[PDB]
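To keep things clear, I will list the structure first and then write my remarks on it.
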Amino acid sequence: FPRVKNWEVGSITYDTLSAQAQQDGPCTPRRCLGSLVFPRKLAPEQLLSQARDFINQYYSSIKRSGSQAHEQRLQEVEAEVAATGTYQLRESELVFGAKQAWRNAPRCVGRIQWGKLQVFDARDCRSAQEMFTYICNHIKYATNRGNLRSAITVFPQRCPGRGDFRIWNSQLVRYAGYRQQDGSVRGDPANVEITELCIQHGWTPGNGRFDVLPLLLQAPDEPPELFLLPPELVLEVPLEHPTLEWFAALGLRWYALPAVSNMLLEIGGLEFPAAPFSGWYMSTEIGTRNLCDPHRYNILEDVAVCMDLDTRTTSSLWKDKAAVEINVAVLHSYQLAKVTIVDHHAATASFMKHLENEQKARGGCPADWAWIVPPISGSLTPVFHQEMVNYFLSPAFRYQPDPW
Amino acid sequence: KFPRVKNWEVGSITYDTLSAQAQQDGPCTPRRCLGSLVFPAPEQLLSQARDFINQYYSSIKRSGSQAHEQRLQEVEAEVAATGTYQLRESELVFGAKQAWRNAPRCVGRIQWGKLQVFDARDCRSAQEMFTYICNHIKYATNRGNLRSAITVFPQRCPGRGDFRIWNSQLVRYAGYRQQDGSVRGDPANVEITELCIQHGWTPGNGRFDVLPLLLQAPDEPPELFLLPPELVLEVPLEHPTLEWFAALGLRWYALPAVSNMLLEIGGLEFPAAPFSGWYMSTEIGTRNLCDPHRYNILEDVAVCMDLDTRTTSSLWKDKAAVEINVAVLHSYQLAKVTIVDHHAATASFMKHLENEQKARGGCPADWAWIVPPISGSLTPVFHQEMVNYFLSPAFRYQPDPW
Ligand code: HEM
Ligand code: HEM
Ligand SMILES: Cc1cc(N)nc(CCc2c(F)ccc(CCCN(C)C)c2F)c1
Ligand SMILES: Cc1cc(N)nc(CCc2c(F)ccc(CCCN(C)C)c2F)c1
Ligand SMILES: C[C@H](O)[C@H](O)[C@H]1CNc2nc(N)[nH]c(=O)c2N1
Ligand SMILES: C[C@H](O)[C@H](O)[C@H]1CNc2nc(N)[nH]c(=O)c2N1
Ligand SMILES: [Cl-]
Ligand SMILES: [Cl-]
Ligand SMILES: [Gd]
Ligand SMILES: [Gd]
Ligand SMILES: [Zn+2]
């Protein structure tokens, strides 16, 4: 049982939940690989063992372990797999597992919200036109005129026998990335590849550096087809600064809804390759990572020139000063547009509260320090001084290969 | 079967073949990562020794020669007869540099080859120990043009106790418990401060009182030594454009000199071997002054800056912290005291990573300690995956002698 200390307060706890960790991560006694983004690389007897485990903690979470339907639900799954090789989740189990996956996500700092999650069951979907309509309900429900609500849509599980629902975009809302004669990009460089596949599947390329891409939706077997997102469904925030009047003229925008559409949800040994989930942004994601990373929009220098900062020397801290104001403008712009956003101080403080809750509830919490600490002002947030244990629990969101 | 390591800013990919030689085991398992934890006979002495002598005779491009094989035979002979062995001076200098080179949380290792090694292994008492330390501080400080240095006191040896420096650094500010239950000065130094007082030190009452040295000779109680004021170069803090900042009365010292770690070379242990470099500005501005459990000045500065501290989304913390760091850099440059900012320091560490990949096939690096505590992803080490493992020679933690 690892001893975990908070250096700001001096308090000590023990992570007993780590003992119950299963799918081993990347580290060994000889070397630590915690800083790697994708760890390592990406007879149905093993299906019954994960299904029974998952069914077990479901009845634990409603008191009703011991006698009653708990005994009985164990049989249906045993029979369902003996007869078919797989099994179907009861609607509430699918809800419980979807929330557990989010609760167990070590890299997510917003897990204080894990109990409030809207789970659309799209398991009877059997068409790429049908998915699109599901995806559009979600986006409309999640966005909710800017009062964001966390939501996930669960498309049908993978079944042995040829067939996989899949979204090809990494997110539901992505900005285009246009190569050109320099090789340099106009738009989002992280989306150069998918902008390529969008064009080579028919898409009409666009204007400039903030063009919402079309979706590439893939019903089982039959190849992907292009779908266009209606402009009124993609809510976007133009970026302005409360006191730097020229900032709006930079023409910067970002969208309202962060909706990850390329991870695999795994519940009780079942695999859902299309299960797009969505929440609301923390502002450093937009201001710091999306707009200021050198391999993203890389705007830092341009904002510094406008601020008349001494870009001739690193010791002026001109990068730090410009980055803060970008984050100021992001927070101001989403607020002025009445769009849910959370600053990194508010988020980390709520995560500490989530840590304390989980200590009482489950005796610990998996957390990946490197992703929990924000990308600016790290030691100014309370999570920086909190030691954390990282390990994999199920149900979980997992990374999955790409459909090409 | 070597870890594959990507840089995400640029797309580079390397493989850390050196991690395979990891000569000790850390806290992680496949079940759980513990990377974020701050604190993670004759036949084994012989194999550590044999591995160090091999390293030394590789570096002078003389591997497997007779000189090499003689030294190996010399060492195990000396281990049989005495239970231990003595390093030659050249082996000691190499071992001190390798320990710095091998330290995974050090962002300043581009400098590892430029280390001045003072051999104090003939030291005999606490009083001579004090003299060696003053020389070290004076040489390393160098009137503000700081030079990296280490002084090595005698090794742990059967029969006799250890030399120990009780202070965690050569220069520390006193931390006094208060009436408010609070602390006056640096809260990290409350313990050593109480130790000093009860060993005869007459305490001050300011926020920046330099502490005396508590120096332990073998099988002796610790002895109290005062540092001459003119040996401790200090820097008052001011801001280039916030002129009320100078009225805060803030100071920090020039020389960061860690004095409580154990230096390990070929199985030999040096419990007293203080080493010093120069500060990176975030250690002072962000951690020492802004940590809530340190001087905790962040809200004071922000209030004075007329920031809106009612709400966190004004980012008043980030703005105050940036300006405190600006003041640190400006102040040290004005005082003509060496200092590096986190951008220049992380850029030079990236170069170190590239030098090390060509030389040894990799580099032990602790990401959470290499990435600076402000502006993390604005520096290039943020997007560099790293591999953390323990090589020897090494600086190691040790328990406090009290
Ligand atoms: C409600 C507000 C939420 C906030 C503020 C938030 C914030 C974040 C942030 C900042 C990360 C860091 C990873 C990165 O930057 O790429 C993250 C990771 C993650 N989030 Fe959340 N999130 C929220 C909701 C959700 C929801 C609703 C789900 C799923 C149902 C979710 C699942 C995940 C997962 C699986 C990761 C792991 C990322 C990875 O492994 O690459 N989050 N979250
Ligand atoms: C000359 C410029 C130097 C710079 C800019 C520098 C910077 C740093 C920084 C910023 C850290 C992490 C700070 C912390 O623990 O909070 C660190 C750790 C460390 N440094 Fe360096 N350092 C320098 C010189 C040296 C020298 C001369 C030595 C020894 C010969 C050394 C050995 C170490 C060790 C062993 C650690 C690990 C501490 C631990 O495990 O907690 N450094 N350094
Ligand atoms: C639901 C949600 C809330 C929020 N605040 N932000 C996002 C986008 C960031 C993000 C995540 F959080 C989680 C996962 C991914 C994809 C994996 C990212 N890795 C592998 C580069 C992501 F890109 C999503
Ligand atoms: C030589 C030097 C240069 C520089 N730039 N900073 C320092 C002080 C920080 C620091 C180190 F670097 C190395 C070691 C310690 C002590 C270990 C503290 N561990 C538990 C966080 C330290 F506190 C020393
Ligand atoms: C809990 C956490 O690992 C701890 O507070 C670390 C994080 N990274 C750090 N990095 C540096 N350079 N110095 C520190 O003191 C710390 N503290
Ligand atoms: C190499 C390193 O692990 C990588 O750059 C990580 C670090 N921490 C991160 N943290 C968040 N929230 N998002 C990221 O993309 C990353 N990138
Ligand atoms: Cl994003
Ligand atoms: Cl320090
Ligand atoms: Gd101007
Ligand atoms: Gd002024
Ligand atoms: Zn690890």
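By convention in this document, the chains of the structure tokens carry letters A, B, ... by their order, each chain's residues are numbered from 1, and ligands are numbered from 1 in the order they are shown.
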Specify as a count of residues only all residues of chain B found within 7 Å of chain A, counting only C-alpha atoms. 42
Select from chain B every residue with an atom at most 8 Å from any atom of ligand 4, then for each give the shortest pair of atoms and their distance in Å to one decimal, using only C-alpha atoms and all ligand atoms, rows by chain and rising number, as a Markdown table.
| residue | atom | partner | partner_atom_place_in_ligand_line | distance |
| --- | --- | --- | --- | --- |
| B:38 | CA | ligand 4 | 20 (C) | 6.0 |
| B:39 | CA | ligand 4 | 20 (C) | 6.7 |
| B:105 | CA | ligand 4 | 13 (C) | 7.8 |
| B:106 | CA | ligand 4 | 12 (F) | 6.4 |
| B:108 | CA | ligand 4 | 5 (N) | 7.1 |
| B:148 | CA | ligand 4 | 1 (C) | 7.7 |
| B:168 | CA | ligand 4 | 16 (C) | 7.2 |
| B:169 | CA | ligand 4 | 23 (F) | 7.7 |
| B:256 | CA | ligand 4 | 24 (C) | 4.7 |
| B:257 | CA | ligand 4 | 1 (C) | 5.1 |
| B:258 | CA | ligand 4 | 24 (C) | 5.4 |
| B:260 | CA | ligand 4 | 16 (C) | 7.4 |
| B:261 | CA | ligand 4 | 16 (C) | 7.1 |
| B:275 | CA | ligand 4 | 1 (C) | 5.6 |
| B:276 | CA | ligand 4 | 1 (C) | 3.8 |
| B:277 | CA | ligand 4 | 1 (C) | 4.3 |
| B:278 | CA | ligand 4 | 5 (N) | 4.9 |
| B:279 | CA | ligand 4 | 5 (N) | 3.8 |
| B:280 | CA | ligand 4 | 5 (N) | 5.2 |
| B:283 | CA | ligand 4 | 6 (N) | 7.1 |
| B:397 | CA | ligand 4 | 17 (C) | 7.4 |
Using N, CA, C and O atoms, can you export the residues from the last selection as a short mmCIF file (atom, residue, chain, number, x, y, z; two decimals), in the first residue's frame?
data_model
loop_
_atom_site.label_atom_id
_atom_site.label_comp_id
_atom_site.auth_asym_id
_atom_site.auth_seq_id
_atom_site.Cartn_x
_atom_site.Cartn_y
_atom_site.Cartn_z
N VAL B 38 8.33 12.22 -4.10
CA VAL B 38 9.56 12.98 -3.88
C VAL B 38 10.67 12.07 -3.34
O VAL B 38 11.80 12.09 -3.84
N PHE B 39 10.37 11.26 -2.33
CA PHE B 39 11.34 10.30 -1.81
C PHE B 39 10.93 8.87 -2.16
O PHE B 39 10.05 8.30 -1.51
N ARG B 105 16.90 14.40 -11.87
CA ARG B 105 16.11 15.61 -11.68
C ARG B 105 16.89 16.90 -11.94
O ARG B 105 16.35 17.97 -11.66
N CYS B 106 18.11 16.83 -12.47
CA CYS B 106 18.94 18.02 -12.66
C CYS B 106 18.78 18.56 -14.08
O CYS B 106 19.16 17.91 -15.04
N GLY B 108 20.34 21.25 -15.05
CA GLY B 108 21.58 21.92 -15.40
C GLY B 108 22.74 21.06 -15.86
O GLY B 108 23.88 21.52 -15.83
N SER B 148 30.67 26.13 -10.61
CA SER B 148 30.26 24.85 -10.04
C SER B 148 31.41 24.14 -9.30
O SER B 148 32.53 24.04 -9.79
N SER B 168 20.86 21.44 5.35
CA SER B 168 20.53 20.89 4.05
C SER B 168 21.19 21.68 2.92
O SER B 168 21.51 21.11 1.87
N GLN B 169 21.43 22.98 3.12
CA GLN B 169 22.26 23.77 2.23
C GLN B 169 23.25 24.60 3.03
O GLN B 169 23.03 24.88 4.21
N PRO B 256 23.52 28.42 -4.45
CA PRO B 256 22.78 27.23 -4.03
C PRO B 256 23.76 26.08 -3.80
O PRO B 256 24.40 25.59 -4.73
N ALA B 257 23.93 25.66 -2.56
CA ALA B 257 24.95 24.67 -2.23
C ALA B 257 24.30 23.59 -1.37
O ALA B 257 24.06 23.81 -0.18
N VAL B 258 23.98 22.45 -1.98
CA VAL B 258 23.31 21.35 -1.30
C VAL B 258 24.34 20.58 -0.48
O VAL B 258 25.33 20.08 -1.02
N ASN B 260 23.53 18.03 2.16
CA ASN B 260 23.04 16.89 2.94
C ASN B 260 22.82 15.63 2.10
O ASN B 260 22.14 14.71 2.57
N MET B 261 23.36 15.55 0.89
CA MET B 261 23.20 14.33 0.12
C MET B 261 24.46 13.49 0.20
O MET B 261 25.56 13.99 0.47
N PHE B 275 27.86 20.30 -2.79
CA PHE B 275 28.05 20.73 -4.16
C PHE B 275 27.19 21.96 -4.45
O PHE B 275 26.14 22.16 -3.83
N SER B 276 27.64 22.79 -5.38
CA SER B 276 26.99 24.06 -5.63
C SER B 276 27.08 24.39 -7.11
O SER B 276 28.01 23.97 -7.80
N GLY B 277 26.07 25.13 -7.60
CA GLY B 277 26.06 25.59 -8.98
C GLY B 277 25.62 27.04 -9.03
O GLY B 277 26.14 27.90 -8.31
N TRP B 278 24.64 27.32 -9.88
CA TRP B 278 23.97 28.60 -9.83
C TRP B 278 22.47 28.37 -9.99
O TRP B 278 22.03 27.32 -10.47
N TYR B 279 21.69 29.32 -9.52
CA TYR B 279 20.25 29.18 -9.48
C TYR B 279 19.63 29.30 -10.87
O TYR B 279 20.10 30.04 -11.74
N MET B 280 18.55 28.54 -11.07
CA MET B 280 17.56 28.82 -12.10
C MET B 280 16.46 29.68 -11.48
O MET B 280 16.04 29.43 -10.35
N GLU B 283 13.44 28.56 -9.27
CA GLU B 283 13.57 28.00 -7.92
C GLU B 283 13.30 29.07 -6.89
O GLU B 283 12.63 28.83 -5.87
N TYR B 397 19.74 10.44 -1.51
CA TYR B 397 19.20 10.91 -0.25
C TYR B 397 19.75 10.07 0.90
O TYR B 397 20.09 8.91 0.72
#
For atom 18 (C, counted along the ligand's line) of ligand 1 and atom CA of residue 102 of chain A, the interatomic separation in Å (one decimal):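 Distance between the two atoms: 8.9 Å.
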Mind checking which residues fall within 8 Å of residue 371 of chain A, counting only C-alpha atoms, ignoring those fewer than 4 positions away in the same chain, and posting them as a ChimeraX atom specification? /A:107-109
Can you pull out every residue within 12 Å of residue 76 of chain B, counting only C-alpha atoms, but drop anything in the same chain fewer than 5 positions away, and send it as a PyMOL selection string? chain B and resi 42-50+53+69-71+81-86
Distance table requested - segment 251-364 of chain A against segment 117-138 of chain A, cut-off 12 Å, only C-alpha atoms: one row per qualifying residue with the closest atom pair and its distance in Å to one decimal, ordered by chain and rising residue number, as CSV.
residue,atom,partner,partner_atom,distance
A:257,CA,A:138,CA,10.6
A:258,CA,A:138,CA,11.9
A:259,CA,A:138,CA,9.7
A:260,CA,A:135,CA,11.7
A:261,CA,A:135,CA,9.9
A:272,CA,A:123,CA,9.5
A:273,CA,A:123,CA,11.7
A:274,CA,A:131,CA,9.6
A:275,CA,A:122,CA,9.0
A:276,CA,A:135,CA,8.2
A:277,CA,A:119,CA,9.0
A:278,CA,A:138,CA,8.7
A:279,CA,A:117,CA,9.0
Same residues, N, CA, C and O atoms, saved as an mmCIF file, in the first residue's frame:
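Saved as out.cif:
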data_model
loop_
_atom_site.group_PDB
_atom_site.id
_atom_site.type_symbol
_atom_site.label_atom_id
_atom_site.label_comp_id
_atom_site.auth_asym_id
_atom_site.auth_seq_id
_atom_site.Cartn_x
_atom_site.Cartn_y
_atom_site.Cartn_z
ATOM 1 N N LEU A 257 -17.293 22.925 -27.841
ATOM 2 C CA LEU A 257 -17.540 21.572 -27.352
ATOM 3 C C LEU A 257 -16.345 20.658 -27.571
ATOM 4 O O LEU A 257 -16.052 20.296 -28.724
ATOM 5 N N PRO A 258 -15.641 20.229 -26.501
ATOM 6 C CA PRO A 258 -14.586 19.221 -26.655
ATOM 7 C C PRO A 258 -15.180 17.829 -26.621
ATOM 8 O O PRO A 258 -15.654 17.377 -25.577
ATOM 9 N N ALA A 259 -15.164 17.135 -27.755
ATOM 10 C CA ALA A 259 -15.845 15.850 -27.894
ATOM 11 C C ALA A 259 -14.877 14.857 -28.526
ATOM 12 O O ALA A 259 -14.677 14.879 -29.744
ATOM 13 N N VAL A 260 -14.288 13.993 -27.696
ATOM 14 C CA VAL A 260 -13.282 13.021 -28.124
ATOM 15 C C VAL A 260 -13.981 11.823 -28.754
ATOM 16 O O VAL A 260 -14.796 11.161 -28.103
ATOM 17 N N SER A 261 -13.629 11.512 -30.013
ATOM 18 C CA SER A 261 -14.349 10.518 -30.809
ATOM 19 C C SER A 261 -13.438 9.433 -31.383
ATOM 20 O O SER A 261 -13.754 8.835 -32.413
ATOM 21 N N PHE A 272 -16.288 -0.983 -27.147
ATOM 22 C CA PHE A 272 -17.111 -0.098 -27.962
ATOM 23 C C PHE A 272 -16.190 0.854 -28.713
ATOM 24 O O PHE A 272 -15.742 1.858 -28.144
ATOM 25 N N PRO A 273 -15.856 0.567 -29.976
ATOM 26 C CA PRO A 273 -14.853 1.385 -30.680
ATOM 27 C C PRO A 273 -15.348 2.769 -31.050
ATOM 28 O O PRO A 273 -14.527 3.644 -31.353
ATOM 29 N N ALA A 274 -16.656 2.990 -31.049
ATOM 30 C CA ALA A 274 -17.244 4.305 -31.267
ATOM 31 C C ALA A 274 -18.109 4.621 -30.057
ATOM 32 O O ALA A 274 -19.168 4.011 -29.871
ATOM 33 N N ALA A 275 -17.633 5.542 -29.220
ATOM 34 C CA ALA A 275 -18.328 5.993 -28.016
ATOM 35 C C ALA A 275 -17.899 7.422 -27.704
ATOM 36 O O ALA A 275 -17.236 7.671 -26.693
ATOM 37 N N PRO A 276 -18.263 8.388 -28.546
ATOM 38 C CA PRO A 276 -17.775 9.763 -28.358
ATOM 39 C C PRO A 276 -18.307 10.384 -27.076
ATOM 40 O O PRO A 276 -19.518 10.436 -26.850
ATOM 41 N N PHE A 277 -17.391 10.883 -26.247
ATOM 42 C CA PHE A 277 -17.745 11.574 -25.021
ATOM 43 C C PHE A 277 -17.353 13.044 -25.105
ATOM 44 O O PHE A 277 -16.454 13.429 -25.858
ATOM 45 N N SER A 278 -18.045 13.870 -24.329
ATOM 46 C CA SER A 278 -17.845 15.299 -24.403
ATOM 47 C C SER A 278 -18.066 15.905 -23.024
ATOM 48 O O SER A 278 -18.789 15.356 -22.187
ATOM 49 N N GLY A 279 -17.385 17.018 -22.780
ATOM 50 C CA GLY A 279 -17.508 17.721 -21.519
ATOM 51 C C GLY A 279 -17.456 19.202 -21.768
ATOM 52 O O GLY A 279 -18.121 19.707 -22.681
#
As a quick test: using only C-alpha atoms and all ligand atoms, which residues lie no more than 9 Å away from ligand 10? Give them as an MDAnalysis selection string. chainID B and resid 239:244
What parts of segment 131-195 of chain A does DSSP call helix (DSSP H, G or I)? I'd like the answer as number ranges by chain. A: 131-146, 189-195
For the residues in that selection, give me C-alpha atoms as a JSON list (two decimals), in the first residue's frame.
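New file out05.json:
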[["chain", "number", "residue", "atom", "x", "y", "z"],
["A", 131, "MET", "CA", -24.69, 7.50, -36.46],
["A", 132, "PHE", "CA", -24.62, 11.01, -37.90],
["A", 133, "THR", "CA", -28.08, 11.67, -36.45],
["A", 134, "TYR", "CA", -26.98, 10.28, -33.08],
["A", 135, "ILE", "CA", -23.82, 12.39, -33.18],
["A", 136, "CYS", "CA", -25.95, 15.44, -34.01],
["A", 137, "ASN", "CA", -28.35, 14.89, -31.10],
["A", 138, "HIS", "CA", -25.38, 14.57, -28.74],
["A", 139, "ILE", "CA", -23.73, 17.74, -30.05],
["A", 140, "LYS", "CA", -27.04, 19.60, -29.72],
["A", 141, "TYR", "CA", -27.67, 18.18, -26.24],
["A", 142, "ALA", "CA", -24.08, 18.64, -25.06],
["A", 143, "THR", "CA", -23.78, 22.20, -26.39],
["A", 144, "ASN", "CA", -27.19, 23.30, -25.07],
["A", 145, "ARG", "CA", -26.84, 26.92, -26.24],
["A", 146, "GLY", "CA", -23.49, 27.17, -24.41],
["A", 189, "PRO", "CA", -1.25, 21.27, -37.85],
["A", 190, "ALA", "CA", -2.53, 18.48, -35.57],
["A", 191, "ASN", "CA", -5.30, 17.80, -38.15],
["A", 192, "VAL", "CA", -3.22, 17.79, -41.35],
["A", 193, "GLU", "CA", -3.68, 14.03, -41.76],
["A", 194, "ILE", "CA", -7.45, 13.91, -41.33],
["A", 195, "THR", "CA", -7.86, 17.01, -43.54]]
Leaving out residue 7 of chain B and any residue of its chain fewer than 5 positions from it, which residues lie within 6 Å of it when counting only C-alpha atoms, given as a ChimeraX atom specification? /B:12,383-384
Requested write-out: C-alpha atoms of the selected residues, as a PDB file, in the first residue's frame:
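Writing done, so here's again.pdb:
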ATOM      1  CA  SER B  12      12.032  12.899 -33.276  1.00  0.00           C
ATOM      2  CA  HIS B 383       7.000  17.804 -25.120  1.00  0.00           C
ATOM      3  CA  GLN B 384       9.991  15.516 -24.656  1.00  0.00           C
TER       4      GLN B 384
END
Around ligand 7, which protein and nucleic acid residues have at least one atom no more than 7 Å from it, if we count only C-alpha atoms and all ligand atoms? List them as a ChimeraX atom specification. /A:258,285-286,290
All strand (DSSP E) residues (DSSP, backbone) inside segment 23-194 of chain B, as a ChimeraX atom specification: /B:116-119,149-152,164-165,175-177,183-185
Export of the given selection (N, CA, C and O atoms) as a PDB file, in the first residue's frame:
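Full text of out07.pdb as output:
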ATOM      1  N   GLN B 116      34.452  21.762 -10.518  1.00  0.00           N
ATOM      2  CA  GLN B 116      35.705  21.833  -9.768  1.00  0.00           C
ATOM      3  C   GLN B 116      35.581  20.935  -8.548  1.00  0.00           C
ATOM      4  O   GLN B 116      34.648  21.096  -7.759  1.00  0.00           O
ATOM      5  N   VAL B 117      36.500  19.976  -8.405  1.00  0.00           N
ATOM      6  CA  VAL B 117      36.426  18.965  -7.351  1.00  0.00           C
ATOM      7  C   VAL B 117      37.520  19.230  -6.320  1.00  0.00           C
ATOM      8  O   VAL B 117      38.704  19.009  -6.589  1.00  0.00           O
ATOM      9  N   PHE B 118      37.129  19.672  -5.125  1.00  0.00           N
ATOM     10  CA  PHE B 118      38.070  19.811  -4.022  1.00  0.00           C
ATOM     11  C   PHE B 118      38.142  18.516  -3.223  1.00  0.00           C
ATOM     12  O   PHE B 118      37.115  17.965  -2.816  1.00  0.00           O
ATOM     13  N   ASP B 119      39.366  18.023  -3.025  1.00  0.00           N
ATOM     14  CA  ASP B 119      39.600  16.779  -2.310  1.00  0.00           C
ATOM     15  C   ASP B 119      39.885  17.127  -0.861  1.00  0.00           C
ATOM     16  O   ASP B 119      40.975  17.601  -0.535  1.00  0.00           O
ATOM     17  N   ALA B 149      31.106  23.574  -8.131  1.00  0.00           N
ATOM     18  CA  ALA B 149      32.169  22.952  -7.349  1.00  0.00           C
ATOM     19  C   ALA B 149      31.584  21.931  -6.399  1.00  0.00           C
ATOM     20  O   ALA B 149      30.419  22.033  -6.001  1.00  0.00           O
ATOM     21  N   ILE B 150      32.418  20.968  -6.007  1.00  0.00           N
ATOM     22  CA  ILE B 150      32.088  20.022  -4.946  1.00  0.00           C
ATOM     23  C   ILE B 150      33.316  19.795  -4.053  1.00  0.00           C
ATOM     24  O   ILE B 150      34.442  19.650  -4.535  1.00  0.00           O
ATOM     25  N   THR B 151      33.098  19.778  -2.745  1.00  0.00           N
ATOM     26  CA  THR B 151      34.123  19.390  -1.788  1.00  0.00           C
ATOM     27  C   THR B 151      33.782  18.008  -1.234  1.00  0.00           C
ATOM     28  O   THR B 151      32.674  17.798  -0.730  1.00  0.00           O
ATOM     29  N   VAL B 152      34.732  17.077  -1.312  1.00  0.00           N
ATOM     30  CA  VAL B 152      34.528  15.698  -0.876  1.00  0.00           C
ATOM     31  C   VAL B 152      35.281  15.468   0.432  1.00  0.00           C
ATOM     32  O   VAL B 152      36.521  15.471   0.468  1.00  0.00           O
ATOM     33  N   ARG B 164      29.345  14.714   8.806  1.00  0.00           N
ATOM     34  CA  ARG B 164      28.028  15.125   8.350  1.00  0.00           C
ATOM     35  C   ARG B 164      27.919  16.633   8.453  1.00  0.00           C
ATOM     36  O   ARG B 164      28.360  17.236   9.434  1.00  0.00           O
ATOM     37  N   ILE B 165      27.353  17.233   7.422  1.00  0.00           N
ATOM     38  CA  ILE B 165      26.828  18.587   7.488  1.00  0.00           C
ATOM     39  C   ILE B 165      25.348  18.468   7.823  1.00  0.00           C
ATOM     40  O   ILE B 165      24.589  17.838   7.082  1.00  0.00           O
ATOM     41  N   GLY B 175      13.973  29.900  10.104  1.00  0.00           N
ATOM     42  CA  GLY B 175      12.517  29.896  10.211  1.00  0.00           C
ATOM     43  C   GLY B 175      12.072  29.793  11.654  1.00  0.00           C
ATOM     44  O   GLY B 175      12.309  28.756  12.282  1.00  0.00           O
ATOM     45  N   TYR B 176      11.442  30.842  12.193  1.00  0.00           N
ATOM     46  CA  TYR B 176      11.070  30.910  13.607  1.00  0.00           C
ATOM     47  C   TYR B 176       9.577  30.675  13.793  1.00  0.00           C
ATOM     48  O   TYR B 176       8.761  31.461  13.300  1.00  0.00           O
ATOM     49  N   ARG B 177       9.227  29.641  14.564  1.00  0.00           N
ATOM     50  CA  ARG B 177       7.879  29.523  15.124  1.00  0.00           C
ATOM     51  C   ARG B 177       7.445  30.824  15.796  1.00  0.00           C
ATOM     52  O   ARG B 177       8.282  31.603  16.265  1.00  0.00           O
ATOM     53  N   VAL B 183       5.166  30.977  11.137  1.00  0.00           N
ATOM     54  CA  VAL B 183       6.611  30.900  10.987  1.00  0.00           C
ATOM     55  C   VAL B 183       7.097  32.240  10.461  1.00  0.00           C
ATOM     56  O   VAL B 183       6.489  32.811   9.547  1.00  0.00           O
ATOM     57  N   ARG B 184       8.175  32.748  11.050  1.00  0.00           N
ATOM     58  CA  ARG B 184       8.847  33.937  10.553  1.00  0.00           C
ATOM     59  C   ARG B 184      10.120  33.519   9.824  1.00  0.00           C
ATOM     60  O   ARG B 184      10.959  32.805  10.389  1.00  0.00           O
ATOM     61  N   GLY B 185      10.251  33.956   8.571  1.00  0.00           N
ATOM     62  CA  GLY B 185      11.307  33.481   7.696  1.00  0.00           C
ATOM     63  C   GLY B 185      10.889  32.278   6.876  1.00  0.00           C
ATOM     64  O   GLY B 185       9.721  32.149   6.498  1.00  0.00           O
TER      65      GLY B 185
END
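Among the candidates B:363, B:196, B:378, B:80, the residue lying nearest to residue 222 of chain B is B:196 (atoms considered: only C-alpha atoms).
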So that I can see what lies close to residue 82 of chain A, please list as a VMD selection string the residues with an atom at most 10 Å from it, counting only C-alpha atoms and leaving out residues fewer than 4 positions away in the same chain. chain A and resid 44 to 45 48 76 to 78 86 to 87
Output the neighbourhood of ligand 9 as a PyMOL selection string, that is, all protein and nucleic acid residues with some atom at most 12 Å from the ligand, counting only C-alpha atoms and all ligand atoms. chain A and resi 244+246+304-309
Keeping only N, CA, C and O atoms, take the residues you just selected and write them out as a CSV table (one decimal), in the first residue's frame.
chain,number,residue,atom,x,y,z
A,244,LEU,N,-7.0,44.5,-24.3
A,244,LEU,CA,-6.1,44.6,-25.5
A,244,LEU,C,-7.1,44.6,-26.7
A,244,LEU,O,-7.5,43.6,-27.2
A,246,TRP,N,-6.7,45.3,-29.8
A,246,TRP,CA,-6.3,44.7,-31.1
A,246,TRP,C,-6.4,43.2,-31.1
A,246,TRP,O,-6.3,42.6,-32.2
A,304,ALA,N,3.0,38.5,-28.7
A,304,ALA,CA,4.1,39.2,-28.0
A,304,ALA,C,4.5,40.5,-28.7
A,304,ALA,O,4.7,41.5,-28.1
A,305,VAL,N,4.6,40.4,-30.1
A,305,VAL,CA,4.9,41.5,-30.9
A,305,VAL,C,3.8,42.6,-30.7
A,305,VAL,O,4.1,43.8,-30.6
A,306,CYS,N,2.6,42.2,-30.7
A,306,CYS,CA,1.5,43.1,-30.5
A,306,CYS,C,1.5,43.8,-29.1
A,306,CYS,O,1.2,44.9,-28.9
A,307,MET,N,2.0,43.0,-28.1
A,307,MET,CA,2.1,43.6,-26.8
A,307,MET,C,3.4,44.4,-26.6
A,307,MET,O,3.6,44.9,-25.4
A,308,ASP,N,4.2,44.6,-27.6
A,308,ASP,CA,5.4,45.3,-27.5
A,308,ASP,C,6.4,44.7,-26.4
A,308,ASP,O,7.1,45.4,-25.7
A,309,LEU,N,6.4,43.4,-26.3
A,309,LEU,CA,7.3,42.7,-25.4
A,309,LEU,C,8.7,42.6,-25.9
A,309,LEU,O,8.9,42.5,-27.1
Which distance in Å separates atom CA of residue 53 of chain A and atom CA of residue 356 of chain A, to one decimal? 25.5 Å
